[PDB]
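**Student:** Input file: final_7.txt. Contents: compact mmCIF, C-alpha atoms.
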# COMPACT_ATOMS: atom_id res chain seq x y z
CA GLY H 1 -44.23 9.27 -26.74
CA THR H 2 -46.96 10.51 -24.42
CA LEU H 3 -44.33 12.63 -22.64
CA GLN H 4 -44.64 15.12 -25.51
CA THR H 5 -48.36 15.42 -24.77
CA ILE H 6 -47.50 15.98 -21.10
CA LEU H 7 -45.19 18.86 -22.06
CA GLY H 8 -47.96 20.61 -23.99
CA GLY H 9 -50.18 20.53 -20.92
CA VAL H 10 -47.35 21.84 -18.74
CA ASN H 11 -46.40 24.34 -21.46
CA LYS H 12 -49.65 26.21 -20.85
CA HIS H 13 -50.54 27.83 -17.51
CA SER H 14 -47.21 29.60 -17.05
CA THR H 15 -45.51 32.96 -17.52
CA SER H 16 -43.23 33.99 -20.38
CA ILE H 17 -40.02 32.90 -18.65
CA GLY H 18 -41.78 29.88 -17.17
CA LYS H 19 -43.49 28.84 -20.40
CA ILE H 20 -40.36 28.72 -22.56
CA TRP H 21 -36.96 29.01 -20.90
CA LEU H 22 -37.55 26.86 -17.81
CA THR H 23 -39.27 24.12 -19.83
CA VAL H 24 -36.63 24.10 -22.58
CA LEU H 25 -33.77 23.85 -20.08
CA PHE H 26 -35.63 21.09 -18.24
CA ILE H 27 -35.96 19.10 -21.47
CA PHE H 28 -32.33 20.02 -22.17
CA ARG H 29 -31.12 18.31 -18.99
CA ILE H 30 -33.24 15.19 -19.58
CA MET H 31 -31.82 14.73 -23.08
CA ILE H 32 -28.23 15.04 -21.83
CA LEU H 33 -28.88 12.53 -19.05
CA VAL H 34 -30.71 10.01 -21.23
CA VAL H 35 -29.08 9.90 -24.66
CA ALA H 36 -25.51 10.96 -23.79
CA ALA H 37 -24.47 10.74 -20.13
CA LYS H 38 -26.00 7.42 -19.08
CA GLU H 39 -23.62 5.26 -21.14
CA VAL H 40 -20.56 7.15 -19.86
CA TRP H 41 -21.21 5.74 -16.37
CA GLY H 42 -22.03 2.25 -17.64
CA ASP H 43 -18.70 0.64 -16.69
CA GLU H 44 -18.06 2.68 -13.54
CA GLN H 45 -17.37 -0.38 -11.38
CA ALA H 46 -16.49 -2.91 -14.09
CA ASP H 47 -13.50 -0.84 -15.24
CA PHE H 48 -12.51 0.34 -11.74
CA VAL H 49 -9.01 -1.09 -11.27
CA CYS H 50 -6.99 -1.39 -8.05
CA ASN H 51 -3.34 -2.43 -7.69
CA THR H 52 -3.69 -5.19 -5.11
CA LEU H 53 -4.19 -8.91 -4.60
CA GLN H 54 -6.50 -8.50 -1.60
CA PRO H 55 -9.98 -9.97 -2.21
CA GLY H 56 -12.74 -7.47 -1.53
CA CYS H 57 -10.53 -4.38 -1.58
CA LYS H 58 -11.99 -3.27 -4.93
CA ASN H 59 -15.56 -3.46 -3.59
CA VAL H 60 -14.88 -1.34 -0.50
CA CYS H 61 -12.78 1.29 -2.28
CA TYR H 62 -15.34 1.92 -5.01
CA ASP H 63 -18.10 2.15 -2.39
CA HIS H 64 -16.02 4.54 -0.28
CA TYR H 65 -15.30 7.06 -3.06
CA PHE H 66 -18.64 6.76 -4.89
CA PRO H 67 -21.38 6.46 -2.24
CA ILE H 68 -23.96 7.31 -4.92
CA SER H 69 -23.34 7.59 -8.65
CA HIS H 70 -23.49 10.96 -10.39
CA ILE H 71 -26.22 9.81 -12.78
CA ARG H 72 -28.40 8.59 -9.90
CA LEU H 73 -28.06 11.97 -8.19
CA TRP H 74 -29.13 13.77 -11.37
CA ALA H 75 -32.06 11.37 -11.82
CA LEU H 76 -33.22 12.14 -8.27
CA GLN H 77 -32.76 15.88 -8.80
CA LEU H 78 -34.87 15.93 -11.97
CA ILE H 79 -37.67 14.00 -10.26
CA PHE H 80 -37.73 16.35 -7.26
CA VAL H 81 -37.71 19.59 -9.28
CA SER H 82 -40.48 18.21 -11.53
CA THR H 83 -42.98 17.23 -8.82
CA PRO H 84 -44.17 20.78 -7.88
CA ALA H 85 -45.08 21.41 -11.51
CA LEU H 86 -46.98 18.11 -11.57
CA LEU H 87 -48.75 18.95 -8.30
CA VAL H 88 -50.01 22.23 -9.79
CA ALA H 89 -51.42 20.44 -12.85
CA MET H 90 -53.46 18.02 -10.74
CA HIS H 91 -54.62 20.87 -8.50
CA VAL H 92 -55.81 22.86 -11.53
CA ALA H 93 -57.50 19.80 -13.04
CA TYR H 94 -59.13 19.11 -9.67
CA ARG H 95 -60.14 22.78 -9.41
CA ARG H 96 -61.66 22.85 -12.91
CA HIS H 97 -63.56 19.60 -12.31
CA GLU H 98 -65.23 20.92 -9.15
CA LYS H 99 -66.08 24.18 -10.94
CA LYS H 100 -68.35 22.25 -13.32
CA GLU H 101 -56.60 34.29 -7.94
CA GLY H 102 -55.38 33.91 -4.36
CA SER H 103 -55.56 30.11 -4.48
CA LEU H 104 -53.77 30.11 -7.84
CA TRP H 105 -51.24 32.70 -6.64
CA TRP H 106 -50.10 30.89 -3.50
CA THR H 107 -49.80 27.53 -5.26
CA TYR H 108 -47.75 29.03 -8.10
CA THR H 109 -45.41 31.16 -5.98
CA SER H 110 -44.81 28.20 -3.66
CA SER H 111 -43.99 25.79 -6.50
CA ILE H 112 -41.19 27.98 -7.86
CA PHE H 113 -39.93 28.43 -4.30
CA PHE H 114 -39.53 24.67 -3.84
CA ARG H 115 -37.69 24.34 -7.16
CA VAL H 116 -35.04 26.82 -6.01
CA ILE H 117 -34.57 24.90 -2.76
CA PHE H 118 -34.26 21.53 -4.51
CA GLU H 119 -31.83 22.86 -7.13
CA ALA H 120 -29.59 24.41 -4.47
CA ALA H 121 -29.76 21.36 -2.20
CA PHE H 122 -28.58 18.88 -4.84
CA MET H 123 -25.99 21.37 -6.09
CA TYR H 124 -24.59 21.59 -2.56
CA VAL H 125 -24.55 17.79 -2.24
CA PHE H 126 -22.51 17.44 -5.43
CA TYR H 127 -19.86 19.76 -3.98
CA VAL H 128 -19.41 18.33 -0.48
CA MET H 129 -19.68 14.68 -1.51
CA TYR H 130 -17.19 14.86 -4.38
CA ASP H 131 -15.08 17.83 -3.16
CA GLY H 132 -15.37 19.80 -6.40
CA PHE H 133 -16.54 19.08 -9.92
CA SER H 134 -13.34 17.49 -11.28
CA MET H 135 -12.90 13.73 -11.14
CA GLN H 136 -9.42 12.36 -10.47
CA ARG H 137 -7.63 9.57 -12.31
CA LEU H 138 -6.15 8.17 -9.09
CA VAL H 139 -7.77 7.56 -5.70
CA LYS H 140 -5.87 6.31 -2.65
CA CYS H 141 -7.84 3.94 -0.44
CA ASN H 142 -6.99 2.60 3.02
CA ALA H 143 -10.30 1.11 4.17
CA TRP H 144 -10.37 -2.42 5.55
CA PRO H 145 -9.52 -5.00 4.24
CA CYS H 146 -7.11 -3.15 1.96
CA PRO H 147 -3.54 -3.48 3.29
CA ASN H 148 -1.98 -0.08 4.03
CA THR H 149 -2.91 2.28 1.17
CA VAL H 150 -3.95 0.97 -2.26
CA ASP H 151 -3.90 2.83 -5.58
CA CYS H 152 -7.12 2.59 -7.61
CA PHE H 153 -7.91 4.06 -11.02
CA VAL H 154 -11.20 5.59 -12.19
CA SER H 155 -12.80 4.88 -15.56
CA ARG H 156 -13.26 7.79 -17.99
CA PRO H 157 -12.47 10.59 -15.50
CA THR H 158 -12.19 13.32 -18.16
CA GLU H 159 -15.47 12.60 -19.95
CA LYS H 160 -17.31 12.43 -16.63
CA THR H 161 -15.83 15.82 -15.69
CA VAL H 162 -17.12 17.36 -18.93
CA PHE H 163 -20.68 16.21 -18.30
CA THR H 164 -20.49 17.18 -14.62
CA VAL H 165 -19.55 20.77 -15.48
CA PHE H 166 -22.28 20.78 -18.14
CA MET H 167 -25.04 19.65 -15.77
CA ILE H 168 -23.95 22.03 -12.99
CA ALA H 169 -23.87 25.03 -15.34
CA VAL H 170 -27.39 24.37 -16.64
CA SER H 171 -28.69 23.92 -13.09
CA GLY H 172 -27.14 27.26 -12.14
CA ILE H 173 -28.95 28.93 -15.04
CA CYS H 174 -32.26 27.40 -13.95
CA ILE H 175 -31.74 28.85 -10.46
CA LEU H 176 -31.29 32.35 -11.90
CA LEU H 177 -34.38 32.04 -14.10
CA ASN H 178 -36.52 31.01 -11.13
CA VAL H 179 -35.09 33.86 -9.03
CA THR H 180 -36.05 36.42 -11.67
CA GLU H 181 -39.55 34.93 -11.81
CA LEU H 182 -39.85 35.71 -8.09
CA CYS H 183 -38.68 39.29 -8.68
CA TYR H 184 -41.28 39.85 -11.41
CA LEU H 185 -44.03 38.63 -9.08
CA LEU H 186 -42.50 40.46 -6.10
CA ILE H 187 -42.71 43.94 -7.64
CA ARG H 188 -46.20 43.26 -9.02
CA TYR H 189 -47.33 42.21 -5.52
CA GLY O 1 37.07 -37.00 3.19
CA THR O 2 40.53 -35.44 3.25
CA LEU O 3 39.15 -32.74 5.57
CA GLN O 4 39.45 -35.25 8.42
CA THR O 5 43.16 -35.59 7.64
CA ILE O 6 43.42 -31.79 7.67
CA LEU O 7 41.89 -31.69 11.15
CA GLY O 8 44.48 -34.11 12.51
CA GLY O 9 47.27 -31.84 11.30
CA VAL O 10 45.56 -28.80 12.81
CA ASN O 11 44.74 -30.82 15.95
CA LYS O 12 48.43 -30.95 16.81
CA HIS O 13 50.55 -27.84 17.48
CA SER O 14 48.09 -26.23 19.89
CA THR O 15 47.37 -25.78 23.59
CA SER O 16 44.86 -27.72 25.69
CA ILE O 17 42.00 -25.28 25.10
CA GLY O 18 43.12 -24.74 21.51
CA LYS O 19 43.61 -28.43 20.73
CA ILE O 20 40.15 -29.59 21.81
CA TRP O 21 37.49 -27.00 22.60
CA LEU O 22 38.18 -24.49 19.81
CA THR O 23 38.47 -27.23 17.18
CA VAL O 24 35.35 -29.08 18.35
CA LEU O 25 33.24 -25.92 18.33
CA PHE O 26 34.61 -25.04 14.89
CA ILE O 27 33.56 -28.44 13.54
CA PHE O 28 30.29 -27.95 15.44
CA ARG O 29 29.46 -24.78 13.50
CA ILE O 30 30.37 -26.32 10.13
CA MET O 31 28.06 -29.29 10.72
CA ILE O 32 25.14 -27.03 11.66
CA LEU O 33 25.69 -24.87 8.57
CA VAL O 34 26.13 -27.78 6.16
CA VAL O 35 23.75 -30.57 7.12
CA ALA O 36 20.96 -28.60 8.83
CA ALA O 37 20.83 -24.85 8.18
CA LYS O 38 21.54 -24.68 4.44
CA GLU O 39 18.21 -26.21 3.36
CA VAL O 40 16.24 -23.89 5.67
CA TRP O 41 17.29 -20.93 3.50
CA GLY O 42 16.72 -22.79 0.22
CA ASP O 43 13.41 -21.11 -0.67
CA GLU O 44 14.18 -17.69 0.82
CA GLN O 45 13.19 -15.81 -2.34
CA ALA O 46 10.98 -18.43 -4.01
CA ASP O 47 8.53 -18.42 -1.08
CA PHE O 48 8.80 -14.67 -0.39
CA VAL O 49 5.26 -13.38 -0.98
CA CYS O 50 4.10 -9.78 -1.40
CA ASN O 51 0.51 -8.50 -1.55
CA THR O 52 0.67 -6.48 -4.76
CA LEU O 53 0.17 -6.58 -8.52
CA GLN O 54 3.17 -4.35 -9.28
CA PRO O 55 5.81 -6.11 -11.41
CA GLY O 56 9.26 -5.97 -9.85
CA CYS O 57 8.09 -5.01 -6.36
CA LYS O 58 8.95 -8.47 -5.02
CA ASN O 59 12.52 -8.26 -6.33
CA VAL O 60 13.26 -4.88 -4.75
CA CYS O 61 11.64 -5.64 -1.39
CA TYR O 62 13.53 -8.90 -0.89
CA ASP O 63 16.79 -7.18 -1.86
CA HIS O 64 16.07 -4.29 0.51
CA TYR O 65 15.45 -6.42 3.62
CA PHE O 66 18.02 -9.16 2.87
CA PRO O 67 21.11 -7.47 1.39
CA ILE O 68 23.08 -10.66 2.09
CA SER O 69 21.68 -13.99 3.23
CA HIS O 70 22.37 -15.28 6.73
CA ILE O 71 23.98 -18.48 5.43
CA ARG O 72 26.35 -16.52 3.18
CA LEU O 73 27.43 -14.39 6.14
CA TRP O 74 28.16 -17.51 8.20
CA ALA O 75 30.07 -19.06 5.29
CA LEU O 76 32.23 -15.94 5.04
CA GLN O 77 32.76 -15.86 8.82
CA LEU O 78 33.95 -19.48 8.96
CA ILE O 79 36.41 -18.89 6.11
CA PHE O 80 37.88 -15.78 7.74
CA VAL O 81 38.31 -17.30 11.21
CA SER O 82 39.91 -20.40 9.66
CA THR O 83 42.61 -18.67 7.59
CA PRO O 84 44.96 -17.69 10.48
CA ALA O 85 45.10 -21.33 11.56
CA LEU O 86 45.89 -22.33 7.97
CA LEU O 87 48.57 -19.63 7.70
CA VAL O 88 50.32 -21.02 10.79
CA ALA O 89 50.36 -24.54 9.34
CA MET O 90 52.06 -23.42 6.13
CA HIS O 91 54.51 -21.29 8.12
CA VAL O 92 55.44 -24.27 10.30
CA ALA O 93 55.76 -26.56 7.28
CA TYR O 94 57.89 -23.91 5.57
CA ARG O 95 59.95 -23.52 8.75
CA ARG O 96 60.52 -27.27 9.12
CA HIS O 97 61.48 -27.64 5.45
CA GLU O 98 64.18 -24.96 5.69
CA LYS O 99 65.48 -26.52 8.92
CA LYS O 100 66.44 -29.66 6.99
CA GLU O 101 60.36 -19.72 20.27
CA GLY O 102 60.00 -16.02 19.51
CA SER O 103 59.04 -16.63 15.89
CA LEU O 104 56.57 -19.31 16.97
CA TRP O 105 55.26 -17.14 19.83
CA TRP O 106 54.46 -14.03 17.78
CA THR O 107 52.77 -16.02 15.00
CA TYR O 108 50.61 -17.95 17.48
CA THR O 109 49.58 -15.01 19.67
CA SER O 110 48.74 -12.98 16.55
CA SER O 111 46.59 -15.73 15.02
CA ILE O 112 44.30 -15.96 18.05
CA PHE O 113 44.13 -12.15 18.09
CA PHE O 114 42.79 -12.05 14.53
CA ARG O 115 40.18 -14.71 15.32
CA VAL O 116 38.72 -12.56 18.11
CA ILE O 117 38.52 -9.57 15.76
CA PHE O 118 36.84 -11.54 12.98
CA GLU O 119 34.34 -13.17 15.35
CA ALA O 120 33.36 -9.82 16.86
CA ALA O 121 33.19 -8.07 13.47
CA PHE O 122 30.73 -10.54 11.93
CA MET O 123 28.75 -10.68 15.17
CA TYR O 124 28.38 -6.89 15.03
CA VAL O 125 27.32 -7.03 11.37
CA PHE O 126 24.55 -9.52 12.16
CA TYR O 127 23.13 -7.10 14.73
CA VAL O 128 23.15 -3.81 12.81
CA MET O 129 22.10 -5.30 9.48
CA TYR O 130 19.14 -7.29 10.82
CA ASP O 131 18.35 -5.17 13.92
CA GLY O 132 18.40 -8.10 16.35
CA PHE O 133 18.41 -11.87 16.06
CA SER O 134 14.65 -12.42 15.60
CA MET O 135 13.19 -12.62 12.11
CA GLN O 136 9.74 -11.13 11.54
CA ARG O 137 6.82 -12.70 9.69
CA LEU O 138 5.83 -9.38 8.09
CA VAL O 139 7.99 -6.70 6.46
CA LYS O 140 6.62 -3.40 5.15
CA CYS O 141 8.29 -2.15 1.98
CA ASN O 142 7.96 1.22 0.25
CA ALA O 143 10.88 1.18 -2.21
CA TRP O 144 10.26 2.05 -5.84
CA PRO O 145 8.40 0.74 -7.83
CA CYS O 146 6.15 -0.51 -5.03
CA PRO O 147 3.08 1.75 -4.73
CA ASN O 148 2.80 3.30 -1.26
CA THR O 149 3.64 0.60 1.31
CA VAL O 150 3.38 -3.11 0.47
CA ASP O 151 3.07 -6.03 2.89
CA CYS O 152 5.48 -8.92 2.27
CA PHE O 153 5.80 -12.21 4.13
CA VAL O 154 9.00 -14.08 5.00
CA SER O 155 9.46 -17.84 4.59
CA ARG O 156 10.13 -19.93 7.71
CA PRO O 157 10.81 -17.00 10.09
CA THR O 158 10.70 -19.12 13.26
CA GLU O 159 13.09 -21.86 12.11
CA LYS O 160 15.56 -19.25 10.86
CA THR O 161 15.39 -17.53 14.26
CA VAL O 162 16.24 -20.80 16.03
CA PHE O 163 19.36 -21.36 13.94
CA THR O 164 20.36 -17.70 14.20
CA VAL O 165 20.33 -17.81 18.00
CA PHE O 166 22.20 -21.12 17.86
CA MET O 167 25.00 -19.80 15.64
CA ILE O 168 25.37 -16.57 17.63
CA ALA O 169 25.59 -18.41 20.96
CA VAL O 170 28.34 -20.75 19.72
CA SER O 171 30.28 -17.80 18.29
CA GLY O 172 30.05 -16.06 21.66
CA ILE O 173 31.49 -19.13 23.36
CA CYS O 174 34.38 -19.23 20.87
CA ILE O 175 35.17 -15.60 21.71
CA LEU O 176 35.41 -16.41 25.42
CA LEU O 177 37.64 -19.44 24.80
CA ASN O 178 40.05 -17.35 22.71
CA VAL O 179 40.07 -14.60 25.36
CA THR O 180 41.05 -17.09 28.07
CA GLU O 181 43.83 -18.40 25.82
CA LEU O 182 45.24 -14.87 25.77
CA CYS O 183 45.05 -14.66 29.57
CA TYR O 184 46.95 -17.94 29.99
CA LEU O 185 49.71 -16.67 27.70
CA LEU O 186 49.56 -13.17 29.24
CA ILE O 187 50.38 -14.29 32.79
CA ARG O 188 53.07 -16.68 31.55
CA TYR O 189 54.67 -13.80 29.60
Could you rewrite the structure in this file as structure tokens?

**Tutor:**
Amino acid sequence: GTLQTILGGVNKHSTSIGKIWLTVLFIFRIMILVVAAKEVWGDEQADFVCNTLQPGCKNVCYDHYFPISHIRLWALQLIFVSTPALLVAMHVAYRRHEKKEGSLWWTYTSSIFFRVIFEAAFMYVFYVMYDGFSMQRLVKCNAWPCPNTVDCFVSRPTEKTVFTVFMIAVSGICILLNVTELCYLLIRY
Amino acid sequence: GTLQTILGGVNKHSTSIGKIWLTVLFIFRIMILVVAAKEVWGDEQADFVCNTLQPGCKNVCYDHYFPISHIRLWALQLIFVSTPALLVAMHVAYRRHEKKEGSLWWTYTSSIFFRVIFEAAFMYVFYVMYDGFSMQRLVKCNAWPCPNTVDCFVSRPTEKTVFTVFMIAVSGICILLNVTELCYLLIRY
């Protein structure tokens, strides 16, 4: 509800690319995460099935191959890339209150520099942690107390792959848009 | 019942070692197999336990590690080493019936030569098939359809080892007794 009012405040005090394309893509990712993707991961552990009679083997194998869920990583990423925009708004509101270019410049050019770092950091984590963007149907697990190697089966691997590729692609576009914003301000000096 | 009458007929028409020690040890092995050992192997497959949820993995793993049961091998061995003695008895009875040294010599020296071969053959089979005379608590099985390698547990491994060593030792003694019988007839020529 009030989030729409928040967007209008953040909509102002930005450049053409920043006003429209960055904000639309940011809302785009939130909608995908909230209304569509969150129920795909609902039964991630409930429907995780292992071919064994060993008690506790299911708990350790799921924890080994999914140290942190994909949706939790995306939730953290959205929070981190949204804070520098929120910090600017409070700084401007604080600045206006005390009133009744250089300071504005350095705050703005720093905020879009942190967003690029955060986007690239989480994008790198997704790759190393899950060795690619495709989820497998079968995982082989040999952690204690599983005897030898145990076959375990993931829930909805194909649908999770579709949303993973979707979220990564949009994040890559947001990186390019922020990079161009730097170039526009770089040549203007 | 009538088996006791059979022994008395086989008791006669033999040499000192053959009359007593071979026949006593032969009865010795039958008693061990019948009254003691046969109920040790009763639950060999019923109590065979594998740590898996794969249907049919228990059937193939038991069949892989126990191609033929120990008690069935001993039953076959006793039958084979007993036939040459039975063949002599019918030959003598046939010979006596037609009546109303060389022939007796060659039949007798051949019969104790077949017993040595049969005893050594089955003794060799026990070794190669079961790689020693000690039964293990744990067997690792990777035959289809078992996924990867599956742990399976044998029933009464220690008691089966005790009877295995017992039967092998008595068979080894019977080999030596038959060998000496050859030496006694060899020097006499």

**Student:** With a distance threshold of 6 Å and counting all atoms listed in the file, extract the residues of chain H near chain O and express them as a PyMOL selection string.

**Tutor:** chain H and resi 51-53

**Student:** Create the file for the chosen residues now, containing C-alpha atoms and written as a PDB file, in the frame of the given file.

**Tutor:**
ATOM      1  CA  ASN H  51      -3.340  -2.430  -7.690  1.00  0.00           C
ATOM      2  CA  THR H  52      -3.690  -5.190  -5.110  1.00  0.00           C
ATOM      3  CA  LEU H  53      -4.190  -8.910  -4.600  1.00  0.00           C
TER       4      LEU H  53
END

**Student:** Looking at O:68, O:179, O:167, O:25, which one is nearest to residue O:123, with distances taken over only C-alpha atoms?

**Tutor:**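 Using only C-alpha atoms, the shortest distance to residue O:123 belongs to O:167.
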
**Student:** Could you please determine the separation between atom CA of residue H:125 and atom CA of residue H:71 in Å, to one decimal place?

**Tutor:** 13.3 Å

**Student:** With 4 Å added on each side, what axis-aligned box encloses every listed atom of stretch 100-111 of chain H? Give the centre and edge lengths in Å to one decimal, as lines of an AutoDock Vina configuration file.

**Tutor:**
center_x = -56.2
center_y = 28.3
center_z = -8.4
size_x = 32.4
size_y = 20.0
size_z = 17.8

**Student:** Kindly give the distance, in Å, that separates atom CA of residue H:29 and atom CA of residue H:163, rounded to a single decimal.

**Tutor:**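 It comes out at 10.7 Å.
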
**Student:** Take atom CA of residue O:88 and atom CA of residue O:23 and report the distance between them in Å, one decimal.

**Tutor:**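 Interatomic distance here is 14.8 Å.
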
**Student:** List the neighbours of residue H:161 out to 8 Å using only C-alpha atoms; skip same-chain residues closer than 6 positions along the sequence, and give me the result as a list in words.

**Tutor:**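 Skipping anything fewer than 6 positions along the chain leaves residues 133, 134 and 135 of chain H.
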
**Student:** Measuring between only C-alpha atoms, which one of H:45, H:121, H:32, H:19 shows the shortest distance to residue H:154?

**Tutor:**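 Using only C-alpha atoms, the shortest distance to residue H:154 belongs to H:45.
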
**Student:** I'd like the neighbourhood of residue H:60 as a PDB file with C-alpha atoms, in the frame of the given file, where a residue qualifies if any of its atoms comes within 9 Å (using all atoms listed in the file), though same-chain residues fewer than 2 positions away should be ignored.

**Tutor:**
ATOM      1  CA  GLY H  56     -12.740  -7.470  -1.530  1.00  0.00           C
ATOM      2  CA  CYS H  57     -10.530  -4.380  -1.580  1.00  0.00           C
ATOM      3  CA  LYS H  58     -11.990  -3.270  -4.930  1.00  0.00           C
ATOM      4  CA  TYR H  62     -15.340   1.920  -5.010  1.00  0.00           C
ATOM      5  CA  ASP H  63     -18.100   2.150  -2.390  1.00  0.00           C
ATOM      6  CA  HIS H  64     -16.020   4.540  -0.280  1.00  0.00           C
ATOM      7  CA  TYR H  65     -15.300   7.060  -3.060  1.00  0.00           C
ATOM      8  CA  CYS H 141      -7.840   3.940  -0.440  1.00  0.00           C
ATOM      9  CA  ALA H 143     -10.300   1.110   4.170  1.00  0.00           C
ATOM     10  CA  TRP H 144     -10.370  -2.420   5.550  1.00  0.00           C
ATOM     11  CA  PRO H 145      -9.520  -5.000   4.240  1.00  0.00           C
ATOM     12  CA  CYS H 146      -7.110  -3.150   1.960  1.00  0.00           C
TER      13      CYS H 146
END

**Student:** List the neighbours of residue H:114 out to 12 Å using all atoms listed in the file; skip same-chain residues closer than 5 positions along the sequence, and give me the result as a list in words.

**Tutor:**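 Everything that qualifies: residues 80, 81, 82, 83, 84, 85, 87, 107, 108, 109, 119, 120, 121, 175, 178, 179 and 182 of chain H.
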
**Student:** Can you list, as a PyMOL selection string, every protein, DNA or RNA residue that comes within 12 Å of residue O:69 when you count only C-alpha atoms, leaving out same-chain residues fewer than 6 positions away?

**Tutor:** chain O and resi 37-38+40-45+62-63+75-76+126+129-130+160+164
